[PDB]
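A lone chain, given as structure tokens: the form deposited in one PDB entry.
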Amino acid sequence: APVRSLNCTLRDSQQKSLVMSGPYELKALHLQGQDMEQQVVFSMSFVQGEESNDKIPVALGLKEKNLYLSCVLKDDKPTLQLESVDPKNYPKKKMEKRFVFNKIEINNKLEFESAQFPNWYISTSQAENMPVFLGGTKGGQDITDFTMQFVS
């Protein structure tokens, strides 16, 4: 049947919000009140891939945009990018591996591991207005835990 998707926002464990701030750019910053309209709304699709109770393969598209988070090698490093797709063909259940994240529930938080690059995670910095990047450890100064808010 059709791929199933939910609208949602994400916040890092320091309660920073994600924003489209530049052509293909996601950054994280502290937001509250009127400025919260600026946050990115995701369409989280539940896609094909290896699955367990606490590890669920998803794709993260921007709501009603043909843009997806994806993991590719750039200048020889696993990186996080926003990638445009053919809007006639997306979302789909069999998303290509660069678009797949394992959504992992640990201690009431979520982590998003790259399916393509094991043990590389969607991450945010301590500091305000830095890239949303792919980080090669769920351990240190960088933030790899999030909460999800469900949106209408």
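Start at 1 with the first residue shown and count on from there. If you superpose the two forms and keep the largest set of C-alpha atoms that fall within 1.5 Å, you have the rigid core. Shifts are known only where both forms have a C-alpha.
Here the subject shifts to the form solved in complex with a partner chain, a form of this protein not shown in this document.
Might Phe112 be said to contact its partner chain in the bound PDB entry, defining contact as any heavy atom within 4.5 Å? Outside the cut-off, so no.
Only one of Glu37, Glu105, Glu50, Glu64 crosses a C-alpha shift of 2 angstroms between this form and the one not shown, counting 2 angstroms or more, core aligned. Which residue? With the rigid core superposed, the residue that stands out is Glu64.
Can you list the runs, three or more residues long, in which each C-alpha shifts by 2 Å or more between this form and the one not shown once everything is superposed on the core? The segment that shifts (3 or more residues, C-alpha shift of 2 Å or more) is 63 to 65 alone.
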